[PDB]
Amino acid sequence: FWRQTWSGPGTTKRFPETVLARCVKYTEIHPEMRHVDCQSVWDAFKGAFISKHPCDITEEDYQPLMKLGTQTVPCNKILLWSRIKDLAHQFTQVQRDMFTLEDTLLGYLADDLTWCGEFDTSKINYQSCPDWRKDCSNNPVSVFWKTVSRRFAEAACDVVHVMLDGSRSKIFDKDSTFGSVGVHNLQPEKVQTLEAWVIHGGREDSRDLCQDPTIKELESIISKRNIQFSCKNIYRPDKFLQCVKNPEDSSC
């Protein structure tokens, strides 16, 4: 109890009951998924990582789950995001202008959770789970988010939007899942433009962050894939959200 196996937090308490109840809820609300069998979804999710070493997980381990969670989303309304979850979710909640990964069945099931098992027993590990940095990259949580993020980016078309945190020292981070998976899995045959919205964390009057070194790097990577790049500053995110709710406001 004074020294755990792995360096990451253990599985979320009641993980199996939580995933099953989220599936039931999502399928009650979204009519395109109203026929999914949630017991079958749980069995497939559990099959990906139970009795498997938690540093030896592959994208193939998640394929039965991917197949059951098959879902179409409007290809021209996708919002990617990195390190700014709260604003992305508050925005799409107003009137469903765009869709993030947590708007899909699989993203909704896993958001805010942690899970892992152990080799050659069928027990869930509630005490610790591998850290991506210290222990291993090929862990149950990291491999899941890479697999679903690649499929979501592959689905996009027309104009795709990305929200970025302009308070971080790498506004665009090549090492983030957006930078290592999303940028490279947009399909140039389908996607016309990537538009970044750089969210300010600061005061009021501040710099044009669309000139930031890392934003110029993103522009060069995307342009060399034969996709156009656009960038917009959101100086005051509080005012932005208000204008989405109430656009007749004079101040907009």
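The first residue of the sequence shown is number 1, and the count goes up from there.
Stretch comparison (186-194 versus 201-209) by mean CA B-factor in the PDB entry places 201-209 on top. Higher mean CA temperature factor, per the PDB entry, when comparing 74-82 with 165-173: 165-173. Ranked against the other modelled residues of its chain, the C-alpha B-factor of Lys25 as given in the entry falls in the middle third. The deposited CA B-factor of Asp97 belongs to the middle third of values across its chain. Annotation for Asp158: C-alpha temperature factor in the lowest third relative to the rest of the modelled chain, per the entry. Among all modelled residues in this chain, the alpha-carbon of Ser122 has a temperature factor (C-alpha) in the middle third. Sorting the modelled residues of the chain by their CA temperature factor places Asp43 in the middle third.
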